[PDB]
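Working notes, structure below.
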Amino acid sequence: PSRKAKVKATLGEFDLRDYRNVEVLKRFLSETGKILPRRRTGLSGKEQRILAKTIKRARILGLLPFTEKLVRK
Amino acid sequence: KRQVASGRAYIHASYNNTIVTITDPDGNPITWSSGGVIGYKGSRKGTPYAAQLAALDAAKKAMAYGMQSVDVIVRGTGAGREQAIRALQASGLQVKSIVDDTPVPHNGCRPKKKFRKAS
Amino acid sequence: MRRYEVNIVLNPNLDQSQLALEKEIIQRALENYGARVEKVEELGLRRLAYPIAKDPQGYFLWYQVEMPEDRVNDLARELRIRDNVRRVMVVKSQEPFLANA
Amino acid sequence: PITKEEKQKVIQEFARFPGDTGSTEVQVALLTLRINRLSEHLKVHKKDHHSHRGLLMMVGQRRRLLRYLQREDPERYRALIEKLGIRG
RNA sequence: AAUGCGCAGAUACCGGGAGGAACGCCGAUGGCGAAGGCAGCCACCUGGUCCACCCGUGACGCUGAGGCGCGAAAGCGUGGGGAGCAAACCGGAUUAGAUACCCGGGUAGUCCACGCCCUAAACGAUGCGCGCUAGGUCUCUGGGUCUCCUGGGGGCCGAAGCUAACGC
Ligand SMILES: [Mg+2]
Ligand SMILES: [Mg+2]
Ligand SMILES: [Mg+2]
Ligand SMILES: [Mg+2]
Ligand SMILES: [Mg+2]
Ligand SMILES: [Mg+2]
Ligand SMILES: [Mg+2]
Ligand SMILES: [Mg+2]
Ligand SMILES: [Mg+2]
Ligand SMILES: [Mg+2]
Ligand SMILES: [Mg+2]
Ligand SMILES: [Mg+2]
Ligand SMILES: [Mg+2]
Ligand SMILES: [Mg+2]
Ligand SMILES: [Mg+2]
Ligand SMILES: [Mg+2]
Ligand SMILES: [Mg+2]
Ligand SMILES: [Mg+2]
Ligand SMILES: [Mg+2]
Ligand SMILES: [Mg+2]
Ligand SMILES: [Mg+2]
Ligand SMILES: [Mg+2]
Ligand SMILES: [Mg+2]
Ligand SMILES: [Mg+2]
Ligand SMILES: [Mg+2]
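Chains as they are written, first to last, in the authors' numbering: chain R, 16 to 88; chain K, 11 to 129; chain F, 1 to 101; chain O, 2 to 89.
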């Protein structure tokens with residue numbers, strides 16, 4: 016059980032240090048602005064650690080959010 | 011007396027009460043209700059029924075402004091948070107949408123001893 | 001000298017007249033500290049992820065210079081002075097890290 | 002930081018013969034470069050104790066080497082010092 | 001439940017502002033450091049460390065009484081700060097009592113600078129270094145002809161052996 020789709024699979028090629036590729040970094044956050052776990056991102060220890068540092072830079076630039084409202088219920 | 015038609019329903023749920031606030035399309039409240047506004051004095055206020063009543067009360071006081079549709083917004087986890095939502099879905103008031111916006115810190119103020127327990 | 005990327009976000013409600021005046025003050029402060037712009041990418045207005053300074057959008061400026069480290073902080077400081085300058089993020093250049101690719 | 006050009010100039014200046022990258026002089030010279038850059042760092046950032054632990058070690062490694070030199074060749078020793086400015 | 005707070009209009013809601021402290025998700029199933037300990041992001045300054053090449057020196061090594069430095073929290077001095085929290089303390093309630101546990105308040109303190117204090121279940125309750133003795137498995141990090149192999153670190157199960165036993 017708990018079988019979703021991996022974020023890495025859906026993407027093709029991309030630089031984990033590009034803190035401006037919103038269109039692609041967005042794919043790494045939840046319905047909420049939270050940074051997806053590794054079970055969802057499919058990244059590796061090392062990569063996930065860089066992604067995190069990148070998503071955070073874009074957030075400071077106002078390109079990515081810190082948190083969004085959950086719509087549903 | 012301003013015929014607003016559509017607005018926002020705010021459900022403030024907590025383990026002690028549920029307070030509902032209906033507002034106009036941009037935040038300003040029209041009418042509100044709560045577990046205490048409906049007679050429940052003690053802890054009955056936290057009960058889910060009190061929520062259901064508080065919501066219904068809120069909606070009725072809203073229809074008085076010709077309110078038809080509204081966007082719900084929940085904050086809190088306490089009981090009756092769900093009855094409050096359902097109440098509004100049975101109150102003729104069209105629930106345009108439901109959104110959870112509970113405020114959560116990015117770790118700031120040291121919580122009360124009560125809310126720290128095992129951290 | 002080392003490679004940097006001076007990011008600057010500015011007021012999106014600016015006309016062609018000021019848009020340039022500020023770019024001048026900017027392109028000037030770089031020279032003031034020894035910044036040889038190796039290349040630039042002036043994107044422009046973009047829908048922000050959240051409002052900065054009550055504004056739902058911001059005008060972006062990206063440079064790739066090479067200046068004296070000891071002055072990277074004063075350069076970044078100065079730039080922040082302008083009111084039409086909402087953000088100033090000077091990261092250090094790095095090799096891209098490919099993945100899934 | 003100490004750059005390759007910076008370091009390279011120190012190595013050749015003390016090498017005992019072309020290509021000597023590890024003799025007692027080269028080492029002591031190199032450690033002295035580090036020790037000084039660090040002593041300067043600590044004039045400021047005085048609360049930087051962690052870094053100061055590295056200083057003690059370098060300083061210690063240096064005296065250990067010197068002590069060896071001074072024992073094997075008391076000449077090169079008194080020579081290495083005069084050229085630097087250690088043990089004063 | 002009560003104290004408390006609210007018609008000098010609170011709670012709930014929207015907008016603006018001030019300030020202090022902490023730093024969500026990523027986060028561990030981890031990482032770094034000699035220990036204490038260390039996680040928003042950026043720049044600077046700076047320490048340790050691992051690997052490959054096996055190029056240089058050539059035993060220059062190990063340990064370390066005393067000395068010296070570092071050393072969580074609380075605490076002390078001087079000055080500053082003060083959101084939230086909270087010893088004392090002031091109240092409410094519980095109780096046979098209640099100098100407690102629960103609730104409403106609250107000062108020191110918690111924060112910063114500088115100086116001091118030097119303690120801990122400062123724990124792996126396991127000084128440091130080196131050599132030698134089956135493997136299996138998971139993992140962090142580097143090299144490689146990248147099934148699998150090779151080095152460093154983190155866990156687990158287990159050969160021989162050890163151990164009063166537990167266990168190692
Ligand atoms: Mg009145
Ligand atoms: Mg309030
Ligand atoms: Mg407000
Ligand atoms: Mg204040
Ligand atoms: Mg260790
Ligand atoms: Mg610890
Ligand atoms: Mg280093
Ligand atoms: Mg050799
Ligand atoms: Mg020889
Ligand atoms: Mg020793
Ligand atoms: Mg000895
Ligand atoms: Mg101490
Ligand atoms: Mg203290
Ligand atoms: Mg004090
Ligand atoms: Mg004080
Ligand atoms: Mg004061
Ligand atoms: Mg309190
Ligand atoms: Mg209390
Ligand atoms: Mg202090
Ligand atoms: Mg002991
Ligand atoms: Mg590999
Ligand atoms: Mg191992
Ligand atoms: Mg570990
Ligand atoms: Mg056995
Ligand atoms: Mg046995």
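C-beta atoms are modelled at their ideal positions from N, C-alpha and C, and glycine is treated no differently.
#1: Kindly indicate which three-state DSSP category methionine 67 of chain F falls into: helix, strand or coil?
#2: Using beta-carbon positions only, say whether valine 85 of chain F and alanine 76 of chain F come within less than 7 Å of one another.
#3: What does the alpha-carbon distance come out to for the pair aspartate 74 of chain O and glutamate 83 of chain O?
#4: In terms of alpha-carbon separation, which member of R:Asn36, R:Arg55, R:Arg87, R:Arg54 lies closest to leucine 76 of chain R?
#5: Using the beta-carbon of each residue, which ones in chain R are nearer than 9 Å to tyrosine 63 of chain F?
#6: Is the separation between the beta-carbon of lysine 92 of chain F and that of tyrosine 4 of chain F shorter than 7 Å?
#7: Does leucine 26 of chain R have its Cβ less than 7 Å from a Cβ in chain F?
#8: Just to confirm, are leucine 40 of chain R and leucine 85 of chain R a CB contact at a threshold of 7 Å?
#9: Which one or two residues does DSSP pair with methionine 1 of chain F in a beta bridge?
#10: Assign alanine 94 of chain K to one of three DSSP states: helix, strand, or coil.
#11: Quick check: what's the CA-CA separation for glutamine 57 of chain F versus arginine 46 of chain F?
#12: Using 10 angstroms around the beta-carbon of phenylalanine 125 of chain K, count the other beta-carbons present and answer buried if the total reaches 16, otherwise exposed.
#13: Could you check whether the region 31-39 of chain O touches the region 51-58 of chain O, counting it as contact only if at least three pairs of C-beta atoms, one from each stretch, sit closer than 8 Å?
#14: Any beta carbon of chain F sitting closer than 7 Å to that of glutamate 46 of chain R?
#15: How big is the Cα-Cα spacing for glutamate 14 of chain O and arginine 32 of chain R?
#16: Answer yes or no: does any C-beta atom of chain R fall closer than 7 Å to that of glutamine 94 of chain F?
#17: In three-state DSSP terms, what is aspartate 74 of chain F?
#18: Measure the alpha-carbon distance for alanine 29 of chain F versus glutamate 78 of chain F and round it to whole angstroms.
#19: Between the region 84-95 of chain K and the region 65-72 of chain R, do three or more beta carbon pairs fall short of 8 Å?
#20: Quick one: Cα of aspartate 70 of chain F to Cα of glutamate 83 of chain R, how far?
#21: Is the distance from the Cβ of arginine 74 of chain R to the Cβ of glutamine 63 of chain R below 7 Å?
#22: Going by DSSP, what residues sit across from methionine 89 of chain F in a beta bridge?
#23: Can you tell me which of the three DSSP states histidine 22 of chain K falls into?
#24: Pick out whichever of F:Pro68, F:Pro12, F:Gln18, F:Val65 has its Cα sitting closest to the Cα of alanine 53 of chain F.
#25: Check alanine 67 of chain R in the structure and name its three-state DSSP category.
#26: Interface residues of chain F around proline 80 of chain R at Cβ under 7 Å?
#27: Compare the C-beta of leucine 85 of chain R with all C-beta atoms of chain K and state if any pair is closer than 7 Å.
#28: Should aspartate 110 of chain K be flagged as near chain R, meaning a C-beta pair shorter than 7 Å?
#29: Excluding sequence positions up to five away, which residues of its chain have a Cβ less than 8 Å from the Cβ of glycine 37 of chain K?
Once the coordinates are examined:
#1: strand
#2: No, Cβ-Cβ distance for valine 85 of chain F and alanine 76 of chain F is not below 7 Å.
#3: 15 Å
#4: R:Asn36
#5: Chain R residues near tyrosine 63 of chain F: none, gap ~13 Å exceeds 9 Å.
#6: yes
#7: yes
#8: no
#9: None, per the DSSP bridge assignment.
#10: helix
#11: 6 Å
#12: The residue in question, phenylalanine 125 of chain K, is exposed, as its Cβ has fewer than 16 Cβ neighbours within 10 Å.
#13: yes
#14: no
#15: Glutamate 14 of chain O and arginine 32 of chain R: Cα-Cα distance of roughly 41 Å.
#16: True, the Cβ-Cβ gap to chain R drops below 7 Å.
#17: helix
#18: 8 Å
#19: no
#20: C-alpha separation (whole angstroms): 39 Å.
#21: Cβ distance not < 7 Å, so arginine 74 of chain R and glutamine 63 of chain R don't count as in contact.
#22: The partner list for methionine 89 of chain F (beta bridge, DSSP) reads F:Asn7.
#23: strand
#24: Checked all of F:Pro68, F:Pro12, F:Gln18, F:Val65; the closest Cα to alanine 53 of chain F is F:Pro12.
#25: helix
#26: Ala49, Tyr50
#27: yes
#28: yes
#29: These residues qualify, in order along the chain: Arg18.
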